[PDB]
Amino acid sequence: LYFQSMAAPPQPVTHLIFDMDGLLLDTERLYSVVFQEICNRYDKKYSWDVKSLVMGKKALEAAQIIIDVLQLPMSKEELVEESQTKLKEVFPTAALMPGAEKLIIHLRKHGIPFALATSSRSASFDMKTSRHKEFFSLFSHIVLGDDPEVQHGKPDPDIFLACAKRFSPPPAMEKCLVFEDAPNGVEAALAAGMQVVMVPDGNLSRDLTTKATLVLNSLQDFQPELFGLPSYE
């Protein structure tokens, strides 16, 4: 097992937090399919560079940027309406990412506590997980993007602080390990005082991956013994 990089020596952890979108489920592929279908109509390419400019943006804000840079003729409100309508139809087809099932089973076997955090709210969470209820029931608890204790989204640490505090009994933040795909979540994890494993899209510039404790090509390359957890049998 090979890593792409390490920012700092791994410290032992007791509790794990997984971001859902992009890391556990292939939702980024679904966004790209849908935006690409729309852009096709205008002979425009929803490219990696364009995606990168709307990473971490709310839907209206992302829509306005796509419209500007691709010179699309619709309003941001119309693009949001169309894309969210199509995403509602494709979300339930979300697939678990490579290595996710293996790692969760391993954590359950060894009684390692783990939980789920996500920027998605209820409606999208329910659609995206609709065919994976058994897998999602394995997590200790789930914190959604609309959670009462989350005042601010990523890159603010709130989502991961709330997630750590919901464990009974709660650990020290420093004993928690976050799994993320996106730079906004890496920054949030670090600002929460936690270590972070990043599994970024292979197109993401390496300059945006430099802060994460550990960067991997796939969750399949995760070696739990680097953070003081039991190694795979």
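One-based numbering along the sequence shown.
Averaged over their C-alpha atoms, the temperature factors of 53 to 61 and 171 to 179 are higher for 53 to 61. In this entry, 96 to 104 shows the higher mean Cα temperature factor of the pair 127 to 135 and 96 to 104. Take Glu28, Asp207, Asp68, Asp43 and read off each C-alpha B-factor from the entry; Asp207 has the highest.
Split the chain's modelled residues into thirds by C-alpha temperature factor. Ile142 is in the middle one. Ranked within its chain, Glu78 lands in the highest third, by CA B factor from the PDB record.
The deposited CA B-factor of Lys86 belongs to the middle third of values across its chain. Among all modelled residues in this chain, the alpha-carbon of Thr14 has a temperature factor (C-alpha) in the middle third. Ranked by Cα temperature factor within the chain, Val34 sits in the middle third according to the deposited record.
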